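Read the structure below first, then the notes.
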Amino acid sequence: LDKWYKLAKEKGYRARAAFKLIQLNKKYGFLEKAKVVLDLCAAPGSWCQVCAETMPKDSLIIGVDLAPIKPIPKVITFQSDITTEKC
Amino acid sequence: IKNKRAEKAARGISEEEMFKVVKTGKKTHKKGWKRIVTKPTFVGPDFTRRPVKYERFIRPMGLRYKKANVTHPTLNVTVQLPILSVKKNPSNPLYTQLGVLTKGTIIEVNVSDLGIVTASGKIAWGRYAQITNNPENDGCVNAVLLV
Amino acid sequence: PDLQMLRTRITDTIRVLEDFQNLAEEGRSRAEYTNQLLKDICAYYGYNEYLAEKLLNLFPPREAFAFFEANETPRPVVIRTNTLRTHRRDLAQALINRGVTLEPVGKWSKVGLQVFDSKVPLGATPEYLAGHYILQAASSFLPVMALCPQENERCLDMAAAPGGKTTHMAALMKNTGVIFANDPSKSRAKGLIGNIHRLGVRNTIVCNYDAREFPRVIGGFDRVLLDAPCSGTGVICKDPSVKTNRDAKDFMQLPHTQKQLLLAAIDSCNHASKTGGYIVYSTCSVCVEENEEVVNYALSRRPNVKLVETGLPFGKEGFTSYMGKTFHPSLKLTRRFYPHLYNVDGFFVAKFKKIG
Amino acid sequence: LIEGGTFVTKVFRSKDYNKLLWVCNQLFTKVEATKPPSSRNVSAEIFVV
Amino acid sequence: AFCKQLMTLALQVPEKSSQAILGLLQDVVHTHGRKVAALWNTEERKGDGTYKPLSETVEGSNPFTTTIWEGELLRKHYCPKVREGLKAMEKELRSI
Amino acid sequence: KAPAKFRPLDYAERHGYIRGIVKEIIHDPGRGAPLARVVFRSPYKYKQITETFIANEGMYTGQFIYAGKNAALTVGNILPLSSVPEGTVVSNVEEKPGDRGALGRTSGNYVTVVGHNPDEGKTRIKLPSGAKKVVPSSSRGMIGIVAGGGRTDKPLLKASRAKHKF
Amino acid sequence: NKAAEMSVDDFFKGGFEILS
Amino acid sequence: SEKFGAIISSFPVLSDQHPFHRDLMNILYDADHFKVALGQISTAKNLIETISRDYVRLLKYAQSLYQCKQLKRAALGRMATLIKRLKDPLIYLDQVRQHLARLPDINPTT
Amino acid sequence: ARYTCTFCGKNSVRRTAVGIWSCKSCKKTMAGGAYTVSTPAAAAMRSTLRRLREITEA
RNA sequence: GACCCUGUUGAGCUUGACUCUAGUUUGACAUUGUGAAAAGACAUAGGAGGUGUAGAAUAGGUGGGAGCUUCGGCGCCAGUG
RNA sequence: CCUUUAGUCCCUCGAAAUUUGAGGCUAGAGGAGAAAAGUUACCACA
RNA sequence: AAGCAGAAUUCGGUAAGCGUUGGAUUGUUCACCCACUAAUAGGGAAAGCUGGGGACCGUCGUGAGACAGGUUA
Ligand SMILES: [Zn+2]
């Protein structure tokens with residue numbers, strides 16, 4: 001229970017880590033015009049959700065995670081790990 | 001019926017959040033403003049705008065039902081059929097408008113899967129059904145088709 | 001039975017009919033090859049025999065299967081920009097900013113937009129509530145392009161229950177002139193009135209009349225639009241009740257009412273018009289007893305009207321001949337539309353010019 | 001990642017925090033730690049770009 | 001309303017008066033911009049009525065339903081200053 | 001798209017012949033060999049198998065190809081190396097029965113059998129690189145030249161083998 | 001800017017641009 | 001959920017076994033039936049979880065002890081009914097487990 | 001370049017992919033070489049295949 | 001707090017007679033002419049025509065019709081309709 | 001004046017040909033009067 | 001009592017005699033991981049500290065609120 005915990009529920013994000021990327025993007029616009037983003041760990045998928053709503057049209061976002069992720073539109077989801085050269 | 005559905009498949013915001021948004025503007029809260037309808041209900045459309053008459057009766061998501069176990073008396077079988085509309089709740093005219101599902105309530109159900117042939121040779125797509133249980137005590141809706 | 005088994009027989013029966021001259025059986029004729037194609041199409045796609053044989057006679061085998069495949073799959077959602085408020089580029093950009101995937105519906109409309117998906121309800125978006133677009137169907141665009149109304153005319157829309165077409169005439173008329181919007185249903189008329197006020201239309205009169213009373217009521221319209229109520233054989237995807245609830249009785253009363261409606265539209269219009277005396281008849285059905293048979297009836301009992309070029313870019317020519325029925329040769333100007341060919345609803349457009 | 005790319009990582013503050021920062025220094029051109037307000041003040045987490 | 005009427009003014013006035021008005025609308029376009037940009041773009045033309053030139057009131061005329069066509073006469077005006085003046089306005093419009 | 005793989009081992013293919021129809025051929029980046037989209041009929045279930053082969057040179061779309069031991073010895077069919085006779089061009093051959101094709105998949109290679117061994121059934125196959133191999137007769141193979149052509153620009157000369165050459 | 005510069009009364013003398 | 005999860009995880013996953021053990025189990029226990037049996041257990045585990053979620057929401061709006069008691073009985077009664085449907089799969093799995101416990105230990109590579 | 005069609009019998013074949021040819025009259029696709037529909041080497045072995053099939057049948 | 005009622009208000013539903021007629025509005029007709037240039041429909045006398053699917057094939061349609069024949073092609077019959 | 005109910009298959013109109021729809025007839029049901037009136041398990045205030 | 005060979009267990013019965021832990025709570029959520037241990041069972045006496053998270057009139061208006069206007073347990 002927290003201020004960001006409640007407000008994230010009303011906004012519809014999966015965790016409050018979504019807002020961490022939101023304020024980071026406000027300070028530094030790396031999630032601007034540039035197209036390709038690689039999310040190496042999205043267990044809930046909040047960072048993928050934040051990207052899915054602020055990138056330029058026709059961008060590419062790919063996220064990997066050891067745990068299964070419920071599908072998010074316009075986001076590529078991976079069940080593979082990160083510490084393996086198969087990944 | 002299940003097999004037919006299997007092959008075919010192979011082929012907004014809530015009222016409560018709207019109340020929170022509205023009450024934010026009207027900071028002064030009148031005692032007893034919210035009227036949470038604690039009875040099971042059926043609504044239908046995802047998003048709708050209600051008249052000011054009923055814009056104070058809030059129906060929670062958890063109490064909403066969309067299907068019912070409907071029994072056909074002649075063809076002795078029961079199939080889970082979607083609910084189309086609530087026609088009459090014989091306890092309160094307000095409950096009919098609010099879609100409250102109580103015992104003895106007449107609802108209109110989609111009977112297209114059963115395939116009932118009418119006297120004109122057509123296939124029936126909607127018939128009345130009376131709820132024969134207490135959806136508030138038993139977490140489901142049971143009905144018998146009026147055929 | 002086994003539904004996937006029916007699909008295999010359907011495909012097997014079609015290829016046999018395509019190459020019956022060399023690939024056949026010992027003594028079974030192609031008459032019962034087609035008849036076998038009737039049962040398994042009925043059992044698989046859930047049609048009754050009367051409509052299925054009717055549809056099978058309309059098309060040849062491999063096109064027919066594409067038609068039955070198209071009827072099960074839904075159609076894309078398309079919106080019509082209100083020219084009275086904005087134009088397409090901002091409304092596309094405005095909805096893109098809100099998370100709606102948009103492309104132009106095609107090169108044939110400067111007003112329609114096609115939506116893949118969205119993160120917000122399309123019917124509750126702020127520019128929707130402002131009157132910047134209306135959810136319509138691509139087939140509904142066509143009748144008003146055939147009947148292009150200019151400014152400062154009087155128009156008659158004989159069935160405007162949803163309201164998409166009446167608003168389109170108002171946009172093309174630039175909110176000038178008079179539009180008679182008519183619905184025989186009070187319940188559906190309330191939605192039309194709401195659509196009119198939401199979309200900012202000021203030059204309309206909503207009347208609740210039976211469309212066959214109109215020459216008696218007012219008469220003299222420059223342009224009259226007629227979407228006759230029909231079986232709905234081209235809107236099967238939205239209304240599955242058509243597949244089984246259309247028999248010989250229905251297909252006899254419906255063309256009779258449509259024939260009576262068309263004559264009323266002809267008498268309603270003004271032949272001596274300074275801008276035009278055009279009548280457009282449209283239908284969301286594919287059957288010939290409701291298209292090109294009502295058109296032939298109008299031309300045979302009113303020799304003071306003539307079919308003209310419809311003007312739409314895409315479409316298929318109308319049928320001149322059918323099961324022993326010979327039509328007027330001018331019917332080739334009328335156009336047809338099919339879901340499998342163009343990803344639009346089954347539709348039919350006809351356009352008349354009054355000369356006396 | 002392309003020349004001129006941006007790399008952001010959550011790093012717990014510890015005695016290895018400075019050793020990892022030296023890596024981005026020799027591998028990138030601009031470095032900074034942010035700790036946006038959403039991160040709990042009790043938490044030792046930090047975000048390095 | 002004044003922008004459209006002023007281009008009409010510039011058409012039929014002496015060379016220096018036309019130049020003065022042309023310079024004035026250069027500032028008007030520069031300071032406001034998008035408020036008058038749709039007048040020079042035919043796709044952004046409003047379709048909610050017809051333009052009324054001889055209206056009794058400023059709002060009575062529907063000026064966003066018309067398009068500034070006068071550039072096709074002022075581009076061939078006899079005064080080089082006017083021609084350069086017209087080119088000045090479009091240069092500001094293209095930079096909007 | 002999908003890897004080019006043969007049908008799974010089964011009684012029907014190993015003892016009879018199965019009819020299949022091809023629908024189209026699709027080119028994919030990373031190789032010049034054109035994949036062939038094929039639809040088969042399941043002998044046990046009323047379902048169609050979606051599998052992809054490699055389009056050989058000369059074939060088209062719309063054959064009633066035969067898949068089995070006693071299939072027609074034509075281009076577009078497959079056949080166990082036992083049935084096909086000597087000197088025949090074979091493509092996309094199996095090292096063992098069950099690997100769904102391993103040898104000779106690049107755009108234009110082929111394998112010609114140079115002798116069959118009946119007792120303890122083995123078939124001898126020549127590799128495109130000029131090597132000699134022996135594979136079990138029960139393996140399958142695609143008959144014909146795999147499409148792609150362009151076999152006029154292959155330089156075959158070695159510094160050492162030239163010294164070996166007479 | 002330009003509007004003010006052309007608004008001053010000494011812009012409209014009548015000097016012909018052949019006699020500069 | 002704990003008891004269902006223990007059953008699913010304790011039995012060997014045929015995909016990860018050595019080929020000799022994978023084939024031997026197929027002959028012994030009809031691998032197709034083995035997958036069907038485990039699927040019903042997984043299906044029943046998910047169904048019970050959704051039943052629990054549904055009735056917890058209902059209880060939070062209940063207005064008296066009688067209504068709370070009826071909802072609890074309905075939630076428990078439906079969970080009991082689903083387990084009774086698992087009768088045939090559970091008998092099959094117990095026989096396999098007893099057979100597996102007695103199987104000889106063969107080292108595939110030795 | 002433009003090549004002849006076996007089925008439609010007319011000069012209506014064009015290249016679509018690296019080794020894919022297509023004729024739009026009968027909507028038939030050819031599977032051939034990079035630049036030629038039929039390689040001379042491909043013709044020789046098919047002739048050899050036909051000859052051995054005659055020998056086997058005889 | 002909830003329950004019942006009253007008064008004012010809002011949202012909604014229903015009633016608010018019949019016969020002529022002002023106003024308003026649709027169609028046809030009348031003043032009312034002369035020319036000229038076009039367009040349509042009526043008058044003959046001609047010419048040329050029919051491709052939804054299947055059918056080898058471009059079947060206006062209607063009636064007889066199993067034999068006709070520039071004497072070798074047709075017909076019928078079998079299809080497909 | 002329209003709409004429903006049952007009837008003779010009694011007349012007219014329209015449609016298709018090997019049948020319908022709408023009117024018409026028999027007698028039940030709906031629609032003092034532009035001043036206002038009635039009514040609601042609804043809303044707001046008292 | 002159970003394919004319970006041994007070891008380890010599982011289900012049930014009598015039993016309250018005897019015990020039922022140390023940390024995290026510093027990333028995400030249905031708040032629950034790290035271990036140690038023989039085990040880390042659930043409740044009643046329903047209780048106090050500590051952190052988290054008022055109601056009447058009056059006036060001016062009401063398609064709606066405003067008042068450092070008055071009084072008071
Ligand atoms: Zn061809």
Side-chain angles (χ1 to χ4, degrees), chain A residues 1-2 5-6 8-9 14-18 20 41-47 67, chain B residues 25-28 30-32 35 51-57 91-98, chain C residues 17-18 20-21 29-31 33-34 56-61 63-64 154 210 212 214-221 248-249 251-260 263 267-268 270 272 288-289 292-294 297 301 303-304 306 316-327 329 332 336 355-356, chain D residues 10-14 39-45, chain H residues 6 49 52-53 56 94-95 97-102:
Chain A
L1 296 173
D2 204 82
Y5 188 97
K6 293 294 182 72
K9 295 265 178 162
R14 284 169 176 274
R16 336 170 281 105
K20 272 161 210 197
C41 185
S46 266
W47 279 33
Chain B
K26 292 170 69 176
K27 166 67 170 60
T28 50
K30 167 67 154 174
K31 166 79 194 82
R35 299 160 169 153
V52 204
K53 302 157 118 313
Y54 312 116
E55 251 181 297
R56 222 181 127 199
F57 305 99
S91 298
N92 193 341
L94 165 70
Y95 277 3
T96 282
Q97 255 70 86
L98 288 176
Chain C
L17 286 154
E18 288 321 284
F20 165 76
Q21 65 274 18
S29 61
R30 103 174 271 270
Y33 264 137
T34 56
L56 288 166
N57 293 355
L58 242 182
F59 307 89
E63 181 168 356
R154 216 158 59 82
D210 169 11
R212 295 194 302 272
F214 257 112
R216 181 189 148 273
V217 167
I218 171 69
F221 294 90
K249 207 179 145 154
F251 270 103
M252 154 258 301
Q253 335 205 342
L254 268 159
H256 176 224
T257 327
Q258 291 173 335
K259 272 155 179 152
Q260 254 161 335
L263 294 191
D267 311 348
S268 281
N270 188 36
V288 184
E289 325 94 9
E292 312 114 6
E293 277 196 3
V294 285
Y297 174 91
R301 291 209 164 41
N304 53 281
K306 135 190 65 63
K316 187 163 317 331
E317 287 83 5
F319 279 169
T320 290
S321 292
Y322 214 45
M323 272 57 275
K325 303 308 235 334
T326 316
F327 302 142
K332 71 173 61 81
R336 278 170 167 267
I355 61 173
Chain D
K10 168 159 104 199
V11 173
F12 280 4
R13 282 177 283 201
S14 55
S39 70
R40 270 185 245 290
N41 208 2
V42 47
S43 147
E45 93 190 90
Chain H
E49 274 159 341
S52 186
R53 285 199 321 262
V56 162
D94 202 49
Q95 304 204 328
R97 167 203 89 82
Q98 277 181 20
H99 208 261
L100 271 165
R102 290 184 307 267

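Quick note: numbers below take in every heavy atom, side chains included, and nothing from hydrogens, waters or symmetry partners. Numbers restart at 1 for each chain; the letters A, B, ... are given by sequence-line order, proteins then strands.
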Is it true that C:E292 and C:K325 have a side-chain N and a carboxylate O under 4.0 angstrom from each other? no

With heavy atoms under 4.0 Å as the rule, sort D:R13 into base, sugar-phosphate or nothing. nothing

With RNA chain L as reference, determine whether B:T28 or A:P44 sits nearer its 5' end, using the nearest nucleotide of each. A:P44

Between [N] and [M], how far apart are the two [atom1] atoms, rounded to whole Å?
{"N": "J:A22", "M": "K:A29", "atom1": "P", "answer": "38 Å"}
{"N": "K:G31", "M": "K:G14", "atom1": "P", "answer": "36 Å"}
{"N": "L:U28", "M": "L:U50", "atom1": "P", "answer": "31 Å"}
{"N": "L:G52", "M": "L:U25", "atom1": "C1'", "answer": "14 Å"}
{"N": "K:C45", "M": "L:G65", "atom1": "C1'", "answer": "14 Å"}
{"N": "J:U32", "M": "J:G27", "atom1": "P", "answer": "25 Å"}
{"N": "J:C4", "M": "K:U40", "atom1": "P", "answer": "14 Å"}
{"N": "L:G61", "M": "L:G69", "atom1": "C1'", "answer": "16 Å"}

Count the heavy atoms belonging to other residues, nucleotides or ligands that lie under 6.0 Å from CZ of D:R13, then report whether that count exceeds 12. yes

Establish whether the base of K:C42 is bridged to the side chain of B:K53 by a donor-acceptor pair shorter than 3.5 Å. yes

Need the pucker for K:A36. North if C1'-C2'-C3'-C4' is positive, south if negative. north

In the structure I gave you, are the side-chain heavy atoms of D:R40 and A:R16 within less than 4.5 Å of one another anywhere? yes

Tell me, do C:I218 and C:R154 make a side-chain contact under 4.5 Å, heavy atoms counted? yes

Taking K:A46 first: does it form a Watson-Crick or wobble pair with J:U6, both atom distances below 3.5 Å? yes

Keeping the roles fixed (side chain from C:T34, backbone from C:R30), state whether a donor-acceptor pair exists under 3.5 Å. yes

Under 3.5 Å, which N/O atoms of the protein pair with N/O atoms of nucleotides 51-61 of chain J?
| unit_1 | atom_1 | unit_2 | atom_2 | d |
| --- | --- | --- | --- | --- |
| J:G52 | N7 | C:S321 | O | 3.3 |
| J:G52 | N2 | C:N57 | O | 2.7 |
| J:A54 | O2' | C:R30 | NH1 | 3.3 |

